[PDB]
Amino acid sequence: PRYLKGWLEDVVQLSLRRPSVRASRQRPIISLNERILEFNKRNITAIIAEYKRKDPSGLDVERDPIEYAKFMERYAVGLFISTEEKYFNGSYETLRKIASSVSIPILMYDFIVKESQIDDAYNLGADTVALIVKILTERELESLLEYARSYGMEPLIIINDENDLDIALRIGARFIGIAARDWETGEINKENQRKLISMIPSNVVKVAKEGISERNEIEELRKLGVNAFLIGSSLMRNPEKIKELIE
């Protein structure tokens, strides 16, 4: 990984020590980026819901994961599941359980710095993974992209700033998430998010990551070329809000 500081340095260390999974998945990959493009063709709003119990903002929420996943299977284009333990209160066990219970694409959200974490995602039943430009070098990103693709997964490349964008465009990413929150402070900057979105070619599948609470924001972003919308913890509190967001 890169030279990091603070909580990012910490999670990367936790990721390096985490045991591998030695298990076999029980359904083939279902492509999230392709399902988004299908939704776009059909003029259906494509929302990725998050199952996320904690994050560094101080979020703390509990609920039945299967109840949530089964509800979201009826409305969301896919599910993001946080598996990082210390800051997100996630677990591989929860990923494994949810993946076995629903038939929509599942993105595993963690801090991937080693190939075995991609094996883990695959073996636990995830359909794809996020890769975070801020924790990886250019060379690592290219390596991990290629490795994920060898399993049939197209990772979501997450960017926060223009430096990350420049790298994302060099590495041959096909599916990019543009984050609203600054990694270090948590501050939301929508002017920055929109500028980065405007700089990505239209053939990349673009996901606006967080900063969204209203259908009108989705409509504005869709007009600017965003393909799908990754909503934050507001759905962990009020799942039925998703119905209002999809029209």
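Residues carry their position along the shown sequence, with the first being 1.
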{"property": "83-91 versus 135-143 - which carries the larger mean C-alpha B factor in the record", "result": "83-91"}
{"property": "Residue stretch of maximal mean CA temperature factor, 48-56 vs 22-30", "result": "22-30"}
{"property": "Residue with highest C-alpha B-factor in the PDB entry, from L230, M236, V226, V11", "result": "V11"}
{"property": "Of the residues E154, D110, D161, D120, the one carrying the largest Cα B-factor as recorded", "result": "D120"}
{"property": "Record-listed C-alpha B factor of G78: chain third", "result": "middle"}
{"property": "Lowest, middle or highest third - CA B-factor, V102", "result": "highest"}
{"property": "Third assignment of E217 from its chain's C-alpha B-factors", "result": "middle"}
{"property": "Modelled-residue ranking by C-alpha temperature factor, third containing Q193", "result": "lowest"}
{"property": "Ranked C-alpha temperature factor of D166 among modelled chain residues, by third", "result": "lowest"}
